[PDB]
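Trainee: Sending over a structure as structure tokens; questions will come in a sec.
Nothing in this text is a laboratory measurement; each read-out follows from the coordinates by a stated rule. As a convention, Cβ positions derive from the backbone with ideal geometry for all residues, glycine included, and neighbour counts pool all protein chains shown.
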Amino acid sequence: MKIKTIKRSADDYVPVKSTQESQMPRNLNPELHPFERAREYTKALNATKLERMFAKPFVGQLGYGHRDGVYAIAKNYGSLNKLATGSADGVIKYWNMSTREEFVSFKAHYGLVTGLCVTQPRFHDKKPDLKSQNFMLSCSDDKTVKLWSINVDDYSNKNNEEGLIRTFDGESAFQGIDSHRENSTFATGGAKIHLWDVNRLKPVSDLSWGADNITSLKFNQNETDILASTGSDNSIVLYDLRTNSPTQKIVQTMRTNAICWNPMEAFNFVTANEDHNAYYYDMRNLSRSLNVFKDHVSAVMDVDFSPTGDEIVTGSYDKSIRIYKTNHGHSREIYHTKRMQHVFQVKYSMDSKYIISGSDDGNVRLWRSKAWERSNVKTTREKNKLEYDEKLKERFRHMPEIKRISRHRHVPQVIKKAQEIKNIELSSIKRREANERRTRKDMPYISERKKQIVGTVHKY
Amino acid sequence: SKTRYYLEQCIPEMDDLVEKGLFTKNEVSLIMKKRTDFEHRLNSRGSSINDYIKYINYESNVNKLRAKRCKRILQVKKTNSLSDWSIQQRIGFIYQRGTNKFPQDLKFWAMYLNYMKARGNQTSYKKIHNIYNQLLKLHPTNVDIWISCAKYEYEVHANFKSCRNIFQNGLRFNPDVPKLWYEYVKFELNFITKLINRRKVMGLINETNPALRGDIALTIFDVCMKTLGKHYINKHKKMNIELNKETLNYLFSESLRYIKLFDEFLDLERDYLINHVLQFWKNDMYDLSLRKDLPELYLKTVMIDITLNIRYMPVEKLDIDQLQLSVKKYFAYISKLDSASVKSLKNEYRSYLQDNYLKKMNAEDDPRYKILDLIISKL
Amino acid sequence: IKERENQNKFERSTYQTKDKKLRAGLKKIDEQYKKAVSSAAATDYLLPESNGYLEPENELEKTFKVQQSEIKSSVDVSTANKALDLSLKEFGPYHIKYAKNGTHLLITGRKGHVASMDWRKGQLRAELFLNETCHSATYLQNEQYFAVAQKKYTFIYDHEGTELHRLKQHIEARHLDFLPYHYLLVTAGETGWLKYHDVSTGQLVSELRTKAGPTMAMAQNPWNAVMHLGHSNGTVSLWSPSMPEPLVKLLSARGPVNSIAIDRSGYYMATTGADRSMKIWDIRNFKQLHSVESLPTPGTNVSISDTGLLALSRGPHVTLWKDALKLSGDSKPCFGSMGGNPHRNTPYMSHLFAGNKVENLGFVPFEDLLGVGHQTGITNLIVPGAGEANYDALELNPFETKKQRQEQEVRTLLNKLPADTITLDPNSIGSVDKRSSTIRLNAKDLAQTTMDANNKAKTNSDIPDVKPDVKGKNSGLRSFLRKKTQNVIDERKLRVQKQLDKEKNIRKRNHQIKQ
Amino acid sequence: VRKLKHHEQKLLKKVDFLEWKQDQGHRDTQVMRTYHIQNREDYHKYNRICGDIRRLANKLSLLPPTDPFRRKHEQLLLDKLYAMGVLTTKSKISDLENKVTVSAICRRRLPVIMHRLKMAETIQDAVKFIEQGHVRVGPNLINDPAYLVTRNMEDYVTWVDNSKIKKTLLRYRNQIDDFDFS
RNA sequence: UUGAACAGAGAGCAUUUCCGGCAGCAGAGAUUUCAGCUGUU
């Protein structure tokens, strides 16, 4: 008769040395681990509540702000921590976000600083020292475009001039500016769109579609020869520099304020609109939009992509900032403050971790892209815990009280009352359309992504 | 945790071993219990390098048992499966982890290098170079690692450019160590000797140059003297004159040991190399006259030149004219030196000539040996 | 993704698309499921221990003839010392309970002697002389807290033995239990009320009225935390705190149900009744597998071990069966092999406490030991093959330290499961509501459904259609007009009456044409 | 339980193993510690008696104020409780709700009476002296500490004769007469 | 902006080249081992 029992040597479970950690025997038999669904659900619900506790998005303001409201914000695409801001008093500051203070401030123009961009100038005769100096172009209503050099302390390779290098002078006022991502050329809006060069004191070419002014410009990031522009006649016009011509025009119901190209997709862009919406567009087919972002209350003043291209950020006239995933047509997060006023510029940091907003009150603010995240480097256990929490939240996001906690934000009373007013108005339009569809036997069903488009110049 | 991950990485090998007839599932379980103990000891606190050594030994004996079992059951030397290289990969990974955690244990570094050299067919020269790169960055002031790197590259790959670069970088990091200079001289002499014998091989198959002369080794010698003297002075920095004399005496020993290396090198022009080193020592050093500063060393150098005039030639085939020329040079040196110095040099020359010829050949056997005995009696 | 032998226990059950994203996503989900199941089953190479066994070598060797003295001499010294005997002649009989780790033992005499000890260390944590009738005790989430069901009220004590709480709401409880993931202490007793109390907050979660007199037995299902109560009418009822009525009623015995045990997988349940009947039930499908009728004496207790051994104690005897829980009729427990028939499941072991009566049974967790409480104290019987050899240190650690206990307390408190999650099926969390539509309806389909609902009144599809073939006795219109209230007259009832009259006229015309 | 971290306390605000709302502040344990009550259910039996008093007082209050029945029964209850010693005064009707406590009854137990009579230095000392057979209330020895003393019955709470305590106090005053047995 | 020569890195990609079978010879290393050669498969 063979008698064999469970014998457990203490050496395999209690370590002999004091310095050694105890062994963790593990058995993956599900009988030893009951309540899979409920246990993972409770972990996910605690993760949503912990996210709501840790949501502390405001990082801080830059310096003392401008004397007047901030209307132009341009990030440096080469450097992580540098920014250029320009206000309505003609003052332009270059900022180090790491120390949250300005390298330099210039009394640049006498009018409003209508456009600002950060450049890497490429001259025929000489090569600028881009390690020691950074450069920015500005354009204003005093009929000038100016180029500026700023001394920068990032490298210590050595033991010049800060200020005006070259002034480009135009016939009329300028409304926007953008620079080419691999050439020396840049374009300015205004009455007519002009393609310039930094080596020439006058415009290289005139790209205007007809006799209408142009408000904002944006160069494509990947296909760098494509440009897009917004007009006051509710028009978005594309341009190609290889053909040197205005490619196509679309007319919508209201005027578009800003345009941003996808960093990862050369043929997609988002436009901010006065519709209180933003629209995601494919360049090849402008007869319909890819997505409509609908959560704002007043006119959306600015739009920027994440560098990863997953998310967009919108800053609007309802004094709020809203973050959208490109998949969903509604916002993921809202940012607001009593001190914040009408937001005219939002940019998304090159790290894709921070959001920079300039407002009517004259202050430039830094927010977290994800409010619950923190900027420390994580240990392995902490990183795995956070990743497991994110996957579990994504798995159980569809549940009632997990959704209830996750969608909760404190929203200003003005925005909330305006939301319920717009809800009532939309319901009234819905009943009127229901009555019209009852009256008419055959009415066409028009898509939400089709409704905003009055027309296109070139038919499909 | 890390222990769990490493065990789950060990799983597919046991899948393969169970799939073949090699190991029973219970035997696999016992092996995994031992591996669990070892992985817990490595990934916990309080570990030592001895845990790594014990785990490597265990995996080695597991591989030996696997080889015996594969020979016995399947009657095949090796299967074409995962299991024949997986234990070797694991042992290399344990070595890599141990060297990353405790980089200061030179014995473990040597064990890693020996293991990776031993499994020659499966390993890569790239892997050996990477281990040398890590080790040389971590311990740049260890001369033996530079020497071992150059030796591996010289015998295995015969890469003379890489061996030269290794020796030059190592002497850049260790200019005060005489051993690395000696090994550089030995490598360069070996290279030029191999070139000379390769040209001779070509000249016998079918049907000058300072490189063949040895001027590279001579320049390394001169730079060695200057750099070793300077660094010896920097380490140990009337009394300054005594320190300079001590430095000259210290450099003299390394020079004489280079002379011994030259005498070991029979194929090279020993007379040329000895002529160069005695020319250097005839040139004054350390702002003092060599003969006046060290008359004992000066007499030793004179006797060394007089003896090595004929010491390269055998005693059996010795030339009487060359011996007479050496004796005349010895007489001139004795006339130049003091009387006690002349007596000591004459005694040394007589002893050297005796141990060369008088013990080798008898006076009755050789008629010239009687004349040599007469000359020794005169001396 | 190679197929493996032990994959079945790691498999999970589940209750042609044109969309390309959805097709690729579902393909990824299936691939990840298969890969995870295979890689989970591959970890059985990393199991450190093996279960015990007791095997007969000859034909003359019977396992039920093996004595505890022979086992104690055969096995190693540590397990021989683990089999401990305590003689407590005064305050008996003793009801025993083990911690889920199995490192602590809690004995409770009928005359008020309640002790908590580290039985393997031989260290006494607490000892109380209440001088009162005590029926049961249980540990809470640790060995640090324990509950005693005294004469009228239930009391909660700490590790040292100080009274923390006197639960006035729990009256005359005879049976105590703890749900370790819900932090719920469950009391049943003479009043016929099942009470769930949250031990972390102190709020009484549920009072359920069993309406069946005093509860004779109580067990918990460890799989889904459903309480199986046994009443004197012969029914086992299954209770959840969120429902006032029982989930399932099973007619198990004729007389009172003496005892209930449920296995670890929660798939099998054994009951003993006063009718000398022991029944083995399937729980998930709610059929009974075996019904051993006419035991020599009625079985006072049943227990089921982690490996699947079934222990029956009837007075002085304790008999264990191995593989008795299976579906086949060869697995039916019996007492004798009639001439050595191998299809008959003769007992795995037996022991006699002569001159004694077994009070309760409990298998020591992760040990090859069965603790028996009786009139003079406690014994441990060595049972090879009884406890789970390989535990999981994340769930329950027999070698736990003080700081590990301190961390595990807060971890389990943070992951406490709400009481409303207790269902018959643990995989109900995350499912779609049963009343909800099986297929997702978008805006277009919802508008089409609304249009159909609006047009149903015009198309008269709400009322039953007129069927001349169906007789007026069973006609749907007749039943509709009969079920509607006689006094109230509505438009729908008027249309139903008109259609019924038309169908009756058509049937009368057809009958007249046939005749 | 270790001290909860900040993020844990927010998710675990209601958690408490030692104080529950059904414990009512451990008022029973506080009162038993004050008056050395040995039995666990004594507070709750006393509390039920206090609850009967308060329920009857509430009903008498809901009677109209100028009711001879109400006035007679309130005075009857006040006189009965004052005679027992639960109420210190008979002045106010409202004492039948405000001043009826468990502690008021527990102050009439024999050890508290002895400690107030200076017979024992502490209530625990009085308890031990009662169980050790030193105390008589009249001719009758009382070894029950739970025995409740009436205002009239206070005057006969005395040491038993042949008590070592009584001999000790007489010997201290030098007034011990061994003819009286002391 | 392209070409050429040079010096490389191990750091990517491809291979429809060869080698991880056997026999024999011979050398070297620490009786065995090592790569190599000559055949064969």
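Trainee: Identify, please: which residue in segment A:1-21 is at the interface with chain B (Cβ under 9 Å from one of its Cβ atoms) and assigned to a loop (DSSP other than H, G, I, E, B) and is, among those, surrounded by the fewest Cβ atoms within 10 Å (Cβ to Cβ)?
Mentor: For segment A:1-21, the residue satisfying everything is A:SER18.
Trainee: Next question, about the same structure. Any idea which of (1) more than 8 Å from chain A (Cβ to nearest Cβ); (2) crowded, with 16+ Cβ neighbours inside 10 Å is the one C:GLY355 doesn't satisfy?
Mentor: (2) is the only condition that C:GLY355 fails.
Trainee: Being surrounded by fewer than 21 Cβ atoms within 10 Å (Cβ to Cβ) and of a type outside the set (A, V, I, L, M) is the filter here; which residues of segment B:166-186 pass it?
Mentor: Across segment B:166-186, the qualifying residues are B:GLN168, B:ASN169, B:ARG172, B:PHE173, B:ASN174, B:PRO175, B:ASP176, B:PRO178, B:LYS179, B:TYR182, B:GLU183, B:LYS186.
Trainee: Give the number of residues within segment B:157-190 that are touching a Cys at 6+ places or on another chain (Cβ under 7 Å), away from RNA strand E (no atom under 16 Å from the Cβ) and over 14 Å from B:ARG257 (Cα atoms).
Mentor: Residues flagged as touching a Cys at 6+ places or on another chain (Cβ under 7 Å), away from RNA strand E (no atom under 16 Å from the Cβ) and over 14 Å from B:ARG257 (Cα atoms) within segment B:157-190 amount to 1.
Trainee: Considering segment D:148-182 alone, what residues qualify as being within 30 Å of D:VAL102 (Cβ to Cβ) and part of a loop (DSSP other than H, G, I, E, B)?
Mentor: If the condition is that a residue be within 30 Å of D:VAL102 (Cβ to Cβ) and part of a loop (DSSP other than H, G, I, E, B), then D:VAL149, D:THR150, D:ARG151, D:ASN152, D:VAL160 are the ones that fit.
Trainee: Looking at A:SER79 and the list (1) away from chain B (no Cβ under 14 Å); (2) under 30 Å from C:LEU413 (Cα atoms); (3) part of a loop (DSSP other than H, G, I, E, B), which single condition is not satisfied?
Mentor: Here A:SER79 clears every test but (2).
Trainee: Separate question: Which residue pairs have Cβ atoms under 7 Å apart, sit 6 or more places apart or on different chains, and have a first residue in segment C:201-220 that is within 14 Å of chain D (Cβ to nearest Cβ) and crowded, with 20+ Cβ neighbours inside 10 Å and a second that is in a loop (DSSP other than H, G, I, E, B) and not acidic (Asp, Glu)?
Mentor: These pairs meet every condition: C:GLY202/D:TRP20.
Trainee: Could you name every one of the strands (runs of 3 or more DSSP E) located completely within segment C:10-123 that has at least 1 residues being in contact with a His (Cβ under 9 Å, 6 or more places away or on another chain)?
Mentor: C:94-98, C:105-109, C:113-118
Trainee: Among the residues of segment D:41-85, write down those that are of a type in the set (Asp, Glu) and under 30 Å from C:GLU163 (Cα atoms).
Mentor: Those that are of a type in the set (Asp, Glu) and under 30 Å from C:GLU163 (Cα atoms): D:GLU41, D:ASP42, D:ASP52.
Trainee: Could you tell me whether segment B:82-98 includes any residue that is within 12 Å of RNA strand E (Cβ to nearest atom), touching a helix residue (DSSP H, G or I) at 6+ places or on another chain (Cβ under 7 Å) and within 14 Å of chain C (Cβ to nearest Cβ)?
Mentor: Scanning segment B:82-98, I find at least one residue that is within 12 Å of RNA strand E (Cβ to nearest atom), touching a helix residue (DSSP H, G or I) at 6+ places or on another chain (Cβ under 7 Å) and within 14 Å of chain C (Cβ to nearest Cβ), so the answer is yes.
Trainee: Within segment B:34-81, which residues are under 38 Å from the mean Cα position of the chain (by Cα), more than 13 Å from RNA strand E (Cβ to nearest atom), surrounded by fewer than 16 Cβ atoms within 10 Å (Cβ to Cβ) and in a helix (DSSP H, G or I)?
Mentor: B:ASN50, B:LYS54, B:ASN57, B:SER60, B:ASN61, B:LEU65, listed by residue number.
Trainee: Does segment B:113-124 hold any residues that are out of contact with any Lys or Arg (no Cβ under 9 Å at 6 or more places or on another chain) and either within 14 Å of chain A (Cβ to nearest Cβ) or more than 9 Å from RNA strand E (Cβ to nearest atom) (or both), and which are they?
Mentor: Residues satisfying the conditions are B:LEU113, B:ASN114, B:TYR115, B:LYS117.
Trainee: Next question. Within segment C:392-419, how many residues are charged (D, E, K, R) and at the interface with chain A (Cβ under 10 Å from one of its Cβ atoms)?
Mentor: Result for segment C:392-419: 4.
Trainee: So which residues in segment A:23-60 are on the phi < 0 side of the Ramachandran plot, within 7 Å of another protein chain (Cβ to nearest Cβ) and assigned to a loop (DSSP other than H, G, I, E, B), if there are any at all?
Mentor: A:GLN23, A:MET24, A:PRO25, A:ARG26, A:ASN27, A:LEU28, A:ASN29, A:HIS33, A:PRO34
Trainee: With respect to A:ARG67, determine if the residue is within 14 Å of another protein chain (Cβ to nearest Cβ), within 27 Å of the chain's Cα centre (by Cα) and surrounded by fewer than 18 Cβ atoms within 10 Å (Cβ to Cβ).
Mentor: Here the answer is no, as A:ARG67 does not meet what is asked.
Trainee: Here's something else I'd like to know. How many residues are farther than 24 Å from A:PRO30 by Cα and either surrounded by fewer than 10 Cβ atoms within 10 Å (Cβ to Cβ) or not hydrophobic (A, V, I, L, M, F, W, C) (or both) if we restrict to segment C:21-37?
Mentor: 4
Trainee: For the subset of segment B:99-112 comprising residues that are surrounded by 15 or more Cβ atoms within 10 Å (Cβ to Cβ) and part of a helix (DSSP H, G or I), which member is nearest to RNA strand E (Cβ to nearest atom)?
Mentor: B:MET111
Trainee: Out of curiosity, is A:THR99 in a loop (DSSP other than H, G, I, E, B) and either in contact with a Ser or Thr (Cβ under 6 Å, 6 or more places away or on another chain) or of a type in the set (S, T, N, Q) (or both)?
Mentor: So A:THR99 fits the description; yes.
Trainee: Same structure again: What are the residues in segment A:205-241 that are assigned to a loop (DSSP other than H, G, I, E, B) and charged (D, E, K, R), if any?
Mentor: Correct list: A:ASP212, A:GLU223, A:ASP225, A:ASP233.
Trainee: Let me ask another. Among the numbered criteria (1) outside any loop (DSSP other than H, G, I, E, B); (2) surrounded by fewer than 21 Cβ atoms within 10 Å (Cβ to Cβ), which single criterion is violated by C:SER259?
Mentor: Among (1) outside any loop (DSSP other than H, G, I, E, B); (2) surrounded by fewer than 21 Cβ atoms within 10 Å (Cβ to Cβ), C:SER259 violates only (2).
Trainee: Hey, another quick one. Considering only segment B:129-147, I want to know if a residue exists there that is aliphatic (A, V, I, L, M), within 15 Å of RNA strand E (Cβ to nearest atom) and outside any helix (DSSP H, G or I).
Mentor: no
Trainee: Could we say that D:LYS3 is within 14 Å of another protein chain (Cβ to nearest Cβ), surrounded by fewer than 14 Cβ atoms within 10 Å (Cβ to Cβ), over 21 Å from the mean Cα position of the chain (by Cα) and not in a helix (DSSP H, G or I) here?
Mentor: Against the criterion (within 14 Å of another protein chain (Cβ to nearest Cβ), surrounded by fewer than 14 Cβ atoms within 10 Å (Cβ to Cβ), over 21 Å from the mean Cα position of the chain (by Cα) and not in a helix (DSSP H, G or I)), D:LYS3 qualifies.
Trainee: A follow-up question, please. May I ask you to verify whether D:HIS26 is in a helix (DSSP H, G or I), facing another protein chain (nearest Cβ under 10 Å) and in contact with a helix residue (DSSP H, G or I) (Cβ under 7 Å, 6 or more places away or on another chain)?
Mentor: no
Trainee: Scan segment D:6-23 for residues that are loosely packed, with under 15 Cβ neighbours inside 10 Å and in a loop (DSSP other than H, G, I, E, B) and jot them down.
Mentor: D:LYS13, D:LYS14, D:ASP16, D:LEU18, D:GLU19, listed by residue number.
Trainee: A further question on this structure: Restrict the check to segment B:59-82 and report whether at least one residue is under 28 Å from A:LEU28 (Cα atoms) and among the hydroxyl-bearing types (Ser, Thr, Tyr).
Mentor: No, there is no match, as no residue in segment B:59-82 is under 28 Å from A:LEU28 (Cα atoms) and among the hydroxyl-bearing types (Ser, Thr, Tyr).
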